[PDB]
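Order of the sequence lines fixes the chain letters, A, B, ..., with proteins taken first and strands second; residue numbering starts at 1 for each chain.
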Amino acid sequence: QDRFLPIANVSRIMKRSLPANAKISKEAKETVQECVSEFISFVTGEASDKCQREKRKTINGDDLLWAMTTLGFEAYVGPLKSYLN
Amino acid sequence: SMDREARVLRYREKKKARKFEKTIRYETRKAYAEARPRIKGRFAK
Amino acid sequence: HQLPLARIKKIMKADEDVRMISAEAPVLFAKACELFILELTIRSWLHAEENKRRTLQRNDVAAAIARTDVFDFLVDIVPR
DNA sequence: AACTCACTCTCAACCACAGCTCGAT
DNA sequence: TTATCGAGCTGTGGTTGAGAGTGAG
């Protein structure tokens, strides 16, 4: 589906994430493609809400990190901040 | 938790409302872009 | 680098509430997706490993999703 | 069954800038 | 407490080659 991240990009990333001898079913690739795509939606809606409450029109990087923190993803926040520099 | 359930439910209801058609929201910015010099599609002065 | 920002941005903009998006947001998001894909894939792998298998299958991803609270929002996606 | 990799052809990235955005004040 | 306003920032879209998609082996 054209509403999802491209499956080749997703597949590559799961492959590099696994021991060299691992195999990944076509079904598993399609399931994870949807999931990471939904991750973007999920987080964006919380960031989008924050901006509404605070009456701004731009979703920025901090809005994403706030949204990820209140949705259970604080563990990402550290690495992310460190990656921007 | 009770707070997570609220946000998760809101995320699911926002699902029915995803609009993937190309929507234009700064109709002025179309105008300037539409009538703007291009080298090979790229903008130029 | 990895994931195409345009397609990240397009998923963002399917939400009618979002208006402007900062230049760094899709950049940040693409990294966050890599951390997400990694965690979801490794936890799926765990289940496959526990069942003496080398091919991650869909039910492995489902197993990871059921077991991990952060992945609670995707529980209705697995089953069709 | 998934992986390989050569082949096809889609589509993400590129650019400038008018005037909107938003935090130091 | 809420409002200001200029230094910065971002949406817009034709074109095309980088790389997504494909499938026989």
Side-chain angles (χ1 to χ4, degrees), chain A residues 1-34 36-37 40 44 47-67 84, chain B residues 19-45, chain C residues 2-31 33-34 37 41-42 44-45 47-49 51-62:
Chain A
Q1 198 55 227
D2 313 281
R3 327 308 202 196
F4 291 169
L5 298 190
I7 200 172
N9 296 85
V10 164
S11 294
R12 208 192 303 134
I13 286 168
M14 12 202 322
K15 219 95 198 63
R16 106 190 158 174
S17 290
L18 250 30
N21 66 357
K23 313 295 177 189
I24 305 170
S25 55
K26 186 196 196 243
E27 281 183 340
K29 295 175 208 181
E30 299 165 5
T31 296
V32 164
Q33 168 187 38
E34 175 160 29
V36 62
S37 296
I40 297 177
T44 298
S48 172
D49 287 343
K50 199 190 159 78
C51 292
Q52 308 245 258
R53 304 191 298 266
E54 303 170 19
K55 290 170 153 115
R56 283 169 303 108
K57 295 183 214 190
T58 312
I59 281 168
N60 62 37
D62 297 321
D63 296 323
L64 290 185
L65 295 166
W66 180 97
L84 304 190
Chain B
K19 157 154 66 60
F20 278 94
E21 314 72 17
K22 163 159 173 167
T23 313
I24 174 151
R25 320 259 286 198
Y26 292 77
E27 180 63 51
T28 291
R29 305 198 161 185
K30 184 189 229 167
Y32 285 101
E34 261 168 2
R36 205 206 223 72
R38 285 168 179 206
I39 69 102
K40 204 94 141 176
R42 296 197 188 185
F43 297 121
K45 0 140 149 28
Chain C
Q2 222 65 236
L3 298 146
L5 313 187
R7 200 86 138 252
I8 297 176
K9 207 184 168 189
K10 173 150 86 83
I11 299 187
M12 300 193 52
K13 288 156 66 216
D15 182 331
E16 289 190 8
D17 292 3
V18 353
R19 298 257 282 111
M20 246 153 172
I21 299 173
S22 84
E24 32 138 14
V27 178
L28 182 152
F29 239 143
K31 184 66 181 166
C33 292
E34 298 174 25
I37 289 168
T41 301
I42 285 182
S44 296
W45 172 82
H47 188 266
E49 204 72 3
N51 283 72
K52 319 288 269 291
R53 285 186 281 100
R54 247 176 265 194
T55 315
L56 309 216
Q57 294 287 342
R58 174 165 290 157
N59 74 308
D60 300 328
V61 184

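Taking 4.0 angstrom as the limit, A/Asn9 places a side-chain polar atom (N or O) nearer than this to OP1 or OP2 of E/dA20. Checking the phosphate oxygens (OP1, OP2) of D/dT21, a side-chain nitrogen or oxygen of A/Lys57 falls inside 4.0 Å. Distances shown here put a side-chain N or O of A/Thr58 below 4.0 Å from the OP1 or OP2 atom of D/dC22. Side-chain nitrogen and oxygen atoms of C/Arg7 include none within less than 4.0 Å of the OP1 or OP2 phosphate oxygen of E/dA20. Side-chain nitrogen and oxygen atoms of A/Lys29 include at least one within less than 4.0 Å of the OP1 or OP2 phosphate oxygen of D/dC3. Listed pair B/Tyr26 / D/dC17 fails the phosphate criterion, with no side-chain N or O lying under 4.0 Å from OP1 or OP2.
B/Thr28 comes within 4.0 angstrom of nothing in the nucleic acid, heavy atoms only. Here C/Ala6 lies in heavy-atom contact (under 4.0 Å) with sugar-phosphate atoms only.
In this structure, of E/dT10, D/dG19, E/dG13, it is D/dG19 that holds the atom nearest to the side chain of B/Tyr32. Distances were taken from every side-chain heavy atom of B/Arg29 (C-beta onward) to each of D/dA18, D/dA2, E/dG21; the shortest belongs to D/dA18. Residue B/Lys22 places its side chain closer to E/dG13 than to any other of E/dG13, D/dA2, E/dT12.
Neighbouring nucleotides D/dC15 and D/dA16 fail the stacking criterion: their six-membered base rings are not both under 5.5 Å apart at the centres and under 30° between the planes.
None of C/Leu3, C/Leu5, C/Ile8 except one satisfies the side chain to side chain contact (heavy atoms under 4.5 Å, CB included) rule with C/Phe29; the exception is C/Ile8.
Here the side chain of A/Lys50 pairs no donor or acceptor atom with the backbone of A/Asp62 at under 3.5 angstrom. Counting only distance, with no hydrogens or angles, the side chain of A/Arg3 and the backbone of C/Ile11 share no donor-acceptor pair below 3.5 Å.
Annotation: proximity of residues 12-24 of chain C to DNA chain E (heavy atom, distance under 4.0 Å) is found for C/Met20, C/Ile21, C/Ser22, C/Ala23, numbered in ascending order. The stretch residues 36-45 of chain B comes close to DNA chain E through B/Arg38, B/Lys40, B/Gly41, B/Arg42, B/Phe43, each having a heavy atom under 4.0 Å from the strand.
In a base pair of the Watson-Crick type (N1 to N3 plus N6-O4 or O6-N4) or a G-U wobble (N1-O2 and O6-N3), with each distance short of 3.5 Å, D/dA24 is matched with E/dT4.
Sugar pucker of E/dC5: south, since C1'-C2'-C3'-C4' comes out negative.
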